[PDB]
Each structure stands twice: as structure tokens, then as C-alpha cells.
Amino acid sequence: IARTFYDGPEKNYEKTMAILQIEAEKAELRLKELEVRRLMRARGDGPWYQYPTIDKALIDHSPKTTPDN
Amino acid sequence: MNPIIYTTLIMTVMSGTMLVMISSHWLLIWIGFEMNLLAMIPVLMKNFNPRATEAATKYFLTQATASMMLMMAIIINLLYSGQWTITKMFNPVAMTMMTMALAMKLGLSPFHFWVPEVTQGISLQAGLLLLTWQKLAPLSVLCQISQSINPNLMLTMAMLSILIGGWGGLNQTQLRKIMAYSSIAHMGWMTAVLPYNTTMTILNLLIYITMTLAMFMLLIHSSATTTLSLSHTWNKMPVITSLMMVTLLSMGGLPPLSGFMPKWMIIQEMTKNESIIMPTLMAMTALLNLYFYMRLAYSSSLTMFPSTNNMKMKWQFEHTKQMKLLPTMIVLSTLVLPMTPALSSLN
Amino acid sequence: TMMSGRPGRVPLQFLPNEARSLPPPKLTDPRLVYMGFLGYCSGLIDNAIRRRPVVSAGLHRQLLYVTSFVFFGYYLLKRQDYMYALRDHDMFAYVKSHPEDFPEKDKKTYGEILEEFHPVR
Amino acid sequence: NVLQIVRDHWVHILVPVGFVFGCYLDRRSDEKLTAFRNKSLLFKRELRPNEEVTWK
Amino acid sequence: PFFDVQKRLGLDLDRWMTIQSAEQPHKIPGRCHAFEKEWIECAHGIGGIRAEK
Amino acid sequence: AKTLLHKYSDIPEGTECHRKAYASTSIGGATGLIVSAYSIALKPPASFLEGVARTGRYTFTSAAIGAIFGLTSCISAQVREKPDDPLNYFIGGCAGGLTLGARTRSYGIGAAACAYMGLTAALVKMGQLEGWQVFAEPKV
Amino acid sequence: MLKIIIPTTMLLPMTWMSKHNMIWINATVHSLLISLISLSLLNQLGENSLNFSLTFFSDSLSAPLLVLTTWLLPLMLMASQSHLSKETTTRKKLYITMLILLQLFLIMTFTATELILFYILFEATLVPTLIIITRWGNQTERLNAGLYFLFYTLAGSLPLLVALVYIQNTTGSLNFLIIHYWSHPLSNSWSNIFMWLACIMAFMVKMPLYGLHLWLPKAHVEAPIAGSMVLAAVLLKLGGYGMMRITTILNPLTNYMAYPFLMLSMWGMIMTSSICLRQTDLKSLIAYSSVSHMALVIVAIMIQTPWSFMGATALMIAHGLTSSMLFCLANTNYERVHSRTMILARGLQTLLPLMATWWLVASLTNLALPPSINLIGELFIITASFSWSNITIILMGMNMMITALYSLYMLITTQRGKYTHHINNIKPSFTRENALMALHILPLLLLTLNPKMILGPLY
Amino acid sequence: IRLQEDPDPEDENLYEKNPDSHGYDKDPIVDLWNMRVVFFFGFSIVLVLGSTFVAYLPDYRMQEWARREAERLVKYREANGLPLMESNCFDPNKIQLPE
Amino acid sequence: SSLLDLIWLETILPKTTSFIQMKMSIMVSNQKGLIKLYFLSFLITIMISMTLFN
């Protein structure tokens, strides 16, 4: 039965090790992502949560009728 | 109404919505809203009768009041900032006026009565267009201005919408009123998740639009506007009743159907923001929506109501007109839970 | 809006040029197979609603359903993968740029960590 | 005739081919988790001269 | 929500009317043209949060 | 609403039971006034006197519920010398529920209101202790 | 686990493409084949679980439940083919499809390695069950029964979803291995108390706990035979499996929050046995017996000792088999006389001898008769509760006495006495019914022969 | 009366048309083959083969291995005067208690 | 059986909750569809939003 239908314990042991490593890395990444999201929303110094501001290319710098702008 | 006039009015409604969704100027956004309302009124009044006229009158009055409040908010924001670009509004009073105007347009509680009244007044196609498009546009504006929305007011209106929709749908027996109260509850969910993740708001909007389109197309196919009228459909085409039962189960949020994904993602996102009481209450209140969905499902599909004698001739004849994309709507509203991580693409 | 307004984002662009540097989904992706399954279900529901033989009628229609669903699913998977990769890239860049906010911590073994013991009785 | 019998008894292969496909997919899933193969402290050993992997 | 068709196509439909420091007919200056220009140039390209702060 | 709520929070739990009762009565009166205004708007009375009577009944019931809740909670905390205890809030909530049942003259309504309001007030006290937030400020 | 999951997803097209007169034969044969294939999961390890992949894993607790589900499917097929002879071919195929979907969801539930996926699947088990009940039930009360069942379960389970997403946000993962290796003590606070309440209350409603059980008599009495068989055998064990899985992270708060649930479970076990003593309906009697047994399982899980978990697992398996057999016997007698009243049909011992023998064996296994696995599990739970406290022996003894009393009362009322004079449509027992009873009873005795296969990981 | 409803049909007996009926189906041949497949597969295959498979399942729980290991440890410890059961699961030298 | 299982355990959870939901549903849906009434409600809501929320 063991020869035909089943494999050695090494396979299950090392598959479990790999699965645990993957899941631990995913959990750490999730927590780090939450921290990064909180910091980015609080500060606004990263790529995320960059709410639009007025483009300065619209400003007309040609001389006006009034000298003091 | 002439078919050319009908199609140009539909195109004008869509043009107004697109103008709202692509404009960067508050005046142009208001113009889009006005054009949408102006072209929408005859669409409601297409099939002339006192009920259609009354529904159109009530809808016009509500939308005109909301548009006036929205323009006042725009003017007040201009006074304190001198800006027309649609960004975070610079005055809390202007923001409150804008939020109330957009909530009135969306039908959020306590501005909800016109939604069931108009939906019962107008036909099935008019109700479908109303719900879908007229929820599509103001939510776009709200998503644009989300960063300045007052969380307390928005969540209060959302919770009121959920409760009122659940209770109204619980009491009603007319299919159009049931659909209107379901729309109110789903709008409550979406606006509740709005001040946290507009992406989740858009996801819930897409799922709700798909489910509503499928349900309204099924109702058009069955030509039933009441519960008893729907109770005869099993004797003429039981496939439609079974598909509608599955869609109703999906709309209640039962796993593993598509309707569970919006509630699941909204609960997750709102919990990320250290809010537990609100997601728990919102999840528990949806049981009313599920209850009247199940009550409708008992009458139509899971049981067999008495029939009549001319149903034999109805058997002999065949359904001529076809509503394309109905199978696609039925599939997408029931079997897209495994494809959930596409919300990043939606992002 | 988290990733909206990201610098250098072209409006109305389903897939930017920088997405070409990512591994495309395999044609035998299980997500693509599920998309094809959804297309097949759509074809079956079409036949059932129109009162045709469910499995026999409209083989061309079923084929077009499956093909369209697979096509759109492939492009949707490409966009989803690109967005998730971009999120991870931005997160790692921010972690690199803010060491004060993300500092390394001393690692102590369970022989040094004191944990209270709660008996079960 | 054979053609009539097979037209009625062709469904009996579905569950067996599904079982075979499931076993194949189990093998494929296992082949993606070979990150600590022959690297666990408990089962680490030197390879035999005529084998490439400890388990498949 | 906001499909930036104007920026995608390079059009100009309402950005001319968005602000009072833009191109005005006969170069008529606004009442607060200099102040608006200073604020816009300060806030350009830093995001809403940093612009407000 | 914010002013009254922050006044009630400012008054300490185990002290100044008269002030606590006054603040709770004010909160209840405001709630009853809003409820009566909505009731008159949605379901108009047949006469001005009927409308005034309905407003008076609703406002007095709400104010009585608030006063009984505040008095019971403050007195219980004071006599037990155990502030920051949800049990006092539960007792006050059940007292308010019994007051509502007496006002509506229904034993079943009174019992259900006692149970539900006691649970709700206990939850409110637990939230005040633990920092629970209903309208959580956006983050992350 | 794909070698078991995919064959069911192939059973679906087989059912929908088979000929009209071969659907039952094909479904039964291939369900038995799938059960034989799923018997391989009983080869468990002594140190850790069987981790097939990142999504599915098997344990010494998951394996017996999976084998029970795979073995229970063909019995449901036999009973359904008994009572669905006049249905159209499409509706027969729909019923078989509902049963197949329920089995598939149960398999994925018991093999899910993550708490959120487990939640999704164990909630997905409601839809096929609700459809089966409210569509193929016989009485008018099937609609109300379905409403009660659905809303009890969902009102229990929604706070569980909130708790699971909150735990994911706080800790980073809902994977069971991660939450077991990285488990941290739960401090005594209102927040932790309410998290504990959410999880435990969801699973208690699923158990069901005493005071949260009305949906069980409503659904079990009014469901069809297959629905009643699956509701008691497997669907009741979702609560116990979840509580065994979820209590990893709830310590040491479980030592203090278990008192109300333990008191409810013990006293309600006594109360439901007493209710069984005075029941005028046979299906109701069996349903309340199920309530008592699951209350005992709740007691074992709450006291939470290695000796209690083994007894809990054994009692779950034994109760599943025994309840399925009792429901089948009651359904046969109902099909004879078209009524569920227990005293309507009597003298069945002298009208149907071998069926009386099946009744006797089922009643003997229902009460804890050694060396049956029912007795093994009950005795382990009683000993663990005795270690917990020394009046639990008083409560367990009272429960055992009333259990024997009502079991033998049911047996005597249904079988002994003189037959009803006017009931003359009791045909001889069918080969199908006798085979169903034999397939229900023989695995129970074989598991008695080999008991360590159903004692869980703690063995 | 308020409907045009069919009367409740009389219950049908399978033994009426087929005296030697196993109760599976109305058609005698299909009934017989359903009985044959159920009995053969279920009883023979599942019961006998699965029961002997479970009986002869390999000792993966390491009961025999644990017994042999315990025997070796008892032999070694009692042959050298060491305690049969250690008082500590871990090494106090490797455990650093706080001060 | 009667007093606890069939009467009071029914009265506490399933019957009281259902009765409350039915009463609230009747209260919400018992509207005569008068625009004057619910527009006055709108005015009250607007004033409450302007004053209470700050």
C-alpha cells in the first residue's frame, strides 16, 4: 500500500515548510502594506493619495493692462 | 413617440451623463445634470397616463430642487475660494449643500420617497434606465469629491438608506417598488463605503448595475409588474423563474454568488479603518432585503401558484422580441465571485 | 482614491507601455479557463432562454461566447496583474524611502522571550 | 450495436477521467512547492549517484 | 468617475474658465491674479494633502 | 447635539447626579423634538392643538427616558463606588425602557425596551471605555 | 484534494447527460467510486497534517468527515430515488445536481486551509439545502422551516465574517497553520470578549446550541428524506469542526467565557431528552435527539481537553451515522402510511420483521451501548467533563438514563404492541430499503472494530 | 370548489406489476441492474475493499516507531542510572530567565 | 416542550424580532405619497444637517 498509493514523509514535511514560508511572507507583506497605506494617506508624500491640484501651465504670464498684475 | 425622437432623447441623457463624468468645471457639471434631467423627463412620460405624468412631475421637482441646491453650493464655494475646478471643496457649508443635493439626486434617505413613487409610476424600461443611469452620474461626482465629504453625515445618510430600503421592500408587494427599495439599500451600502474606498464604491456600483439589469430584463421578459402576475410565469416558461430565483439569491448576498463580493469587500475595507459597529449593523440589516427577496422567490419559483385557462394559448405562442445580453447579465450577476481580484484592474 | 492621480498616469489608458515588462498570463491560466467556463454558461443560458436544445443548438454562438469571454478575460488579467505589481513596487519604494518609519527590530529567541502560561483545567 | 451502446454509455468515463485529471493536477501543484526539497534540517541528505531529486 | 478625456486628447473645453489667472480677453487681469498665481505655483505637482499643509 | 453630548461627557460619571440628569434630560428633549417634528411633517395632525399635544407627548416621553437614565446611572455608580462599569449603564438603560413602557402603558413594550436599551447603554459604556468608534475617521 | 473534487464536478455533467432511466444508477455507482477514492485520506500522519497545496489540506479531523460525506451521498441518492418516482426527468436531474453541489461544498469546506475560504464555503452550503427543503418538502411548513434555518444561520454567521476580516487586518493572515503557529494569548477585554462571542456564537448557532435550536426541528421535520439525512449527518458537524478549528486563537478567554455555554448545553441536553420522552412526532423525536447529542459535543469542545476532542470527534461521526439511519427508517414508515404520527402505525415488529431488526440495532446504537463508537465518544466526553468538575457526572448520568428511556420508548411504540387494524397498505420491505439500512449500519460496527480512525488529531 | 384541480392519485405499488421487485425502478430490467450495481459496488467494493485497506493502512502514525524509540531510551537510561523521564522538556542553560 | 421550547424561546429571538421588523416596515411604508408632506420632511432634514452637523 505504501509503495503504490503513498510517498515518503519528506515530501509532506518540505511541502509544509514551503507553504509556511509563503504564507508568512504574505502576512508580513499585508501588514507592511497596511502601514504604508496609513502613512501615505496621513502625509501625502508618496505616489498614492495624490489628489489633483491646479496645473500651473494654465497661468498667463503675458503683460496685463494694469502694471501691478 | 417617434423612434428617432426616443433614441435622440436617450442619447441626450447619455450625453449629459458623459458631460458630467468628463467635465472639470462645476458649471459644465451642472449643465450635464440639467441636460440629463431635461432629456430624462419625456423618457419617463413616454407611455402617457396619469401615473406616468405624476411620476415625471415628482421626479422633475426633486431633481430641480437638488440642482438648485447644487448650484448654490457651487456659488458658495466660488465665493470663499474663487475656484471652478472640481476638487476638494474649500467651504464646509458648500460641501454640506453639495452632499445634500447629490444625496437627494441619488435618493438616499431621508430623500428616498420619490424613488419608489417614480419607479412604481413609470414602466419597466423607464425604471431600469432611471435606476442605472441616474445612480451612475451623481455617484461619479461624489467619488470625485470624496476627500472632503463629511464622514458623519455620509454614514448617517447611508445607514438611514439601508434601514429604510429594507423596511419598505419588506412591506411592498409591487415588483417595481421592491426594486426601488432594493436600489435604496444598495445606494446606502455604496455611499457608506464611499468615504473610504471609491474603488469599492465603483465595484459595488458595477455589481448592482449588473444585477438590476438582469432582474429588470427578466421582469420585462415575463411581462409581470406584480407578485401574482409573476406567480403565473412558472406555467409558461419555468426557465425564467429559475434564473430569477438564482438572481434574487445573488441580490441578497448569499455566497458563493456575485452579490456577496460587494458586501464582503466593503466590510473588509471599512474594518481596515477601525470601524466595526457600522459594518456589523450594515451586514445584519441586509437580512430584510434577503427576506423579501426570498418571499418573492417562494411565489415565483420554489412553489407553484394557481394558473388560468388562457395560459394554454400563451403556451401555444412564442416570445418574439429578444433582449440581447440578458444571458451575459445573468452569468455576470451570479458567477463572478472567483474573479474578485479584478478590482485592482478596476482601481 | 489610492492609486488614482499617480504621477505619470495617462488618462483612459487600459494598459500603459510600462506594463509590457511584466510576465503575460499563460494561455492555460485557470482564471482564463474560468472565463471560458463563464462564456460557455452564457451560451447555455442563451439557448435555454430562447428555447433551443441547450447543448446542441448554436455551436457557432457558443464558440463566439467562449472566445469573447476568453479575450476580455485575458486583457483584464493583464491589467489586474499590472495594477498589483505597481502597488507592490510603490510599497517597496516607500519602505526604502522611509527607514525611520520602517526600522529593523532586534530578533530575540523564545528562550529569551517571557510568555505567560495559562493552564487548561 | 456498438454505436448505439456507446451513445448511451459514454458518460461512465467522465468520473474516471476527472479522477485522472485531478491526480495530474495534484502532481502539478506538488511540483510548484519544491522550495525546500532536500533542504529541511530533519531530512537533508546527500543525493544518490543516479538520482536527481529526492521526491517528485 | 472622472474620465480625463480633455487631457487624453489634448483638448481645452473648460480649463480656460477654471481659473482667473488664465488667458483673459484683452489681457484683463483679475483682482487677485498675483495671489492666485503664487498659490497655484506653490501647490503645483505636490498633491492636495501637501498643498493644504 | 455636539454641545449637549460633550457637556454630558464633561460631567464626571460618579459625581453631580443633578447635572447628569439635567444633561440627559436635555438630550432626550432634543431627540423628542426632532422626532415630533418629523412625525408632524410626514403624518400631519388634524388640528393645531392635536399637533401641539403630539409634540408635548413625544418630547415629555423622551425627556423622561433621558432623565430616568441619567439619574439611575449616576446614582448607581455613586452608591456602588464603581465608576467606569457598564452595569450602571445597563441599569439606567433598563430604567429608561421601563419609563417608555410606562408612558406607552404596555408591559411587553416596557420589558422589550428595558432589555434592548440596557444592552445598548452597556455597549455605549463599553465603547467609551475601549475607544470604539461608530463614524470612524478615514485612514489606511 | 483535486483527485476528489474534480470527480464530483464530473458527476454533474454525467447527471445532466445520462439517459432518463439511468440517472440514479450512474450517480450511485460513481458516488460509491468517489467514496472509495476518498477512503485514502484516512492514512494520516502522527506529527502534522496533510498539506496538499496552498489551498487544501487534510487532517485527522477532516478525513473522517470527508469520508462520511462521500459515503452519505449514495444513501441520499437511494432515498431520493425512492420518493421521487413521479417527478420529471429535468427535476430529478436538478435534485441530483443539488445533492452533488452540497457534497462538493462540504468537501471544500472540510478541506479549506484558510478561515475566510472556509467561511465562504460553509455559508455556500445553505443555498442547495434551502432549495432542496423549500422545493421538495411535502408539507406547507417547509417555507417557514427554510426561513427559520436560513435566518438563524446567517444571523449567527455575519458577525463571524466581520470577526474574520478584523483578525486578518490585525494579524496579517487567516491561514490556519499561521494562526496556530503564531497564536498569541487573548487578553481579558470587552473587544476580545466580543470577538470571542462573534466566532463562538456563529458556530453555536450552527451546532445548534440550546436556545438557538428551533430551526433544527423546523428544518429536519419538514425537509425531504435526503435533506434530513444531510442536515443531521454532516451539516450539524460544521459547527463542531469550526469550533475545534477556531478555538486556537481564543485562549485563555475560553476558560472564562465558556460558563454560560456549558450551562446551556448541559441543561438543554437534559431538557431535549425530556422533550424526546413526550414527542408525538417521530421526526421531531429524532431531531431533538440530535440536539441533545450536539449539546454534548458542545460541552466537550468548550471544556477543551485532549480527551474531550477525541470523544467529540467520535460522537460526531457516530451521531451522523445513527441519525441518518433513524431518519431513513422513519421515512420508510412514512412512505408506508403517509403520516408522521408515531402511534398511528404499530405492530411493525409482526408486520415487517427485518425492518424491526434494523430499528432495534439503530435504537441500540442511539443509546450508548458498548463497544459502539457512540459509547466511546460519549464516555470520553463524560470522563473529560468529570475531570472538569464532579457534578457533570450527575448531569451526564441523567442524560444517559433519559436517552435510553426515549430510545426504547420509540422502539416499543413503533414496533411492539398490536398492529393497527385499518392500516392494510404496509407492503413487504424493499430490497432497496434493506440495503440502505445495511449500508448505514455495517460501517458503524466496522468503526467500532477500528476506533482510532475517528478519534481526531489528539489521538 | 374553487379550482379545476386533479384529485389526489392513489399510491402506486411496485409489486403489483413486478412481483419480484427490488424497489428501485418501475422497469424490471433497470430495477434489477440498479440492485445489482448497488449491491456489488457498495457492499463488495466499498465495504470489503475499503475495510481491508483501512485495516492494512501503513503505520504512518508512528505508533510502532514510538514504542521502539521508547524501548531504546528506557534501555539506555536504565543501563546508566539516568532518570527514565527527564524533568525538563528544554535546557535551562538555553533558557534565559529575566532578572 | 410547551412553555420553553414552543412559547418563550419562540417569543424572545424569532417572534419579537419579526414583529419589530413588521411594525417598522408598516411605519416606513405607510406614506400617502404627498409631495407637500415629504418636501416638508426634506426641509426639516436640510435644517438638521445644517445645524447639527459641524
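Residues numbered from 1 in each chain as written, not as in the entry; some residues may be left out. Chains lettered and ligands numbered in written order. Part of a larger assembly, values for the part shown. Heavy atoms only, no water.

1. Some details on the overall build of chain C
At step 1: The helix and strand tally for chain C stands at 2 helices and 0 strands.
At step 2: Seen through its principal axes, chain C has C-alpha atoms that stretch 70 × 60 × 25 Å.
At step 3: Here chain C, with 121 residues, has 35% of them falling under the buried criterion.
At step 4: Expressed as a percentage of contacts within chain C between residues at least 6 apart in sequence, the contacts between residues at least 24 apart total 67%.
At step 5: The positive charge centre, built from 17 side chains, and the negative charge centre, built from 13, are 16 Å apart in chain C. (Helix = DSSP H or I, 4+ residues; strand = E, 2+ residues; numbered from the N terminus. Buried < 20%, exposed > 50% of the residue type's maximum accessible area, 1.4 Å probe, protein only. Contact = heavy atoms within 4.5 Å. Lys, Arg positive; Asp, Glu negative; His and termini not counted. Charge placed at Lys NZ, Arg CZ, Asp CG, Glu CD.)

2. A short note on the state of the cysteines
Residue and element names in this part refer to chain F.
At step 1: In this structure the tally under the stated criterion is 2 disulfides over all chains.
At step 2: Paired through a disulfide, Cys17 and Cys74 show a sulfur-sulfur distance of 2.0 Å. Residues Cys17 and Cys74 are joined through a disulfide that is left-handed, its torsion about the S-S bond being -85°. Here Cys74 lies in helix 3 (residues 48–80) and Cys17 lies in helix 2 (residues 17–42), a separation of 57 residues in the sequence.
At step 3: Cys74 gets classed as buried once you look at its relative accessible area, which sits at 1%.
At step 4: Two residues share a disulfide in this structure: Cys94 and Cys114, whose sulfurs sit 2.0 Å from each other. Disulfide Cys94-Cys114: torsion about the S-S bond near -90°, hence left-handed. Taken together, the residues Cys94 in helix 4 (residues 86–104) and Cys114 in helix 5 (residues 107–130) connect sequence positions 20 residues apart. (Disulfide = S-S within 2.5 Å.)

3. Description of the interface of chain E and chain B
At step 1: Counting residues at the interface gives 13 residues for chain E, matched by 17 residues for chain B.
At step 2: Carbon and sulfur atoms supply 62% of the area buried between chain E and chain B, which totals about 1400 Å² over both sides.
At step 3: On the chain E side of the contact with chain B, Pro1(E), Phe2(E) and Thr18(E) bury the most area, a combined 40% of that side's loss.
At step 4: Where chain E touches chain B, the interface holds 0 salt bridges.
At step 5: If you look at where chain E meets chain B, you find 7 residue pairs in polar contact.
At step 6: Within the residue set of the side of chain E that touches chain B, elements represented by two or more residues are helix 1 (5–9), helix 2 (15–18) and helix 3 (33–43) of chain E.
At step 7: It is helix 2 of chain E that contributes the most residues to the side of chain E that touches chain B, 3 residues altogether. (Buried area = accessible area lost by both parts, 1.4 Å probe. Salt bridge = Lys/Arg side-chain N within 4 Å of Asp/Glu carboxyl O. Polar contact = N/O pair within 3.5 Å; in protein donor to acceptor, adjacent residues only side chain to side chain.)

4. Here's the deal with the UniProt feature "transmembrane region" (unreviewed entry) in chain C
At step 1: Within this structure's numbering, the places UniProt gives as "transmembrane region" (unreviewed entry) are residues 61–77 of chain C.
At step 2: Helix makes up 100% of residues 61–77 of chain C and strand 0%, whereas the separation of the span's terminal C-alpha atoms amounts to 24 Å. (UniProt positions renumbered as here; feature names shortened; annotations may be inferred.)

5. Here we look at a negative patch on the surface
At step 1: A contiguous patch of negative charge on the surface is contributed by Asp8(H), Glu10(H), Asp11(H) and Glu12(H).
At step 2: Relative to the elements of secondary structure, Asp11(H) occurs in the segment before helix 1 (14–17). (Patch = residues over 30% accessible without salt bridge, like charges linked within 9 Å, V, L, I, M, F, W, Y side chains within 5 Å. Areas by Shrake-Rupley, 256 points an atom, 1.4 Å probe, with all protein chains shown as cover.)

6. Overview of helix 5 (residues 115–124) of chain G
At step 1: Most of helix 5 of chain G sits inside the fold, with 9 of its 10 residues counted as buried.
At step 2: The set of residues buried in helix 5 of chain G consists of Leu115(G), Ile116(G), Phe118(G), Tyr119(G), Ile120(G), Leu121(G), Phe122(G), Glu123(G) and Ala124(G).

7. Some points on the packing of aromatic side chains
At step 1: Under the definition given, this model contains 38 aromatic pairs over all chains.
At step 2: Arranged with centres 5.7 Å apart and planes meeting at 80°, the rings of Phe5(A) and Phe53(H) form a pair that is edge-to-face. Linking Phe5(A) in helix 1 (residues 2–5) with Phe53(H) in helix 2 (residues 28–55), this pair reaches from one chain into another.
At step 3: Note on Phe5(A): relative accessible area 56%, which makes it exposed.
At step 4: Judged by its relative accessible area of 16%, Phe53(H) is buried.
At step 5: Feature note: the residues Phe260(B), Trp264(B), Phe110(G), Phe118(G), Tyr119(G), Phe122(G), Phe203(G) and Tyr241(G) constitute an aromatic cluster, connected by ring pairs.
At step 6: A cation over a ring is seen here: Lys20(F) above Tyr8(F), with NZ or CZ 3.5 Å from the ring centre.
At step 7: Positioned above the aromatic ring of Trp33(H) is the side chain of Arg36(H), whose terminal nitrogen or guanidinium carbon lies 4.6 Å from the ring centre. (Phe/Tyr/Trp six-rings, centres within 6.5 Å; stacked < 30°, edge-to-face > 60°. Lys NZ or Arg CZ within 6 Å of the ring centre and 35° of its normal.)

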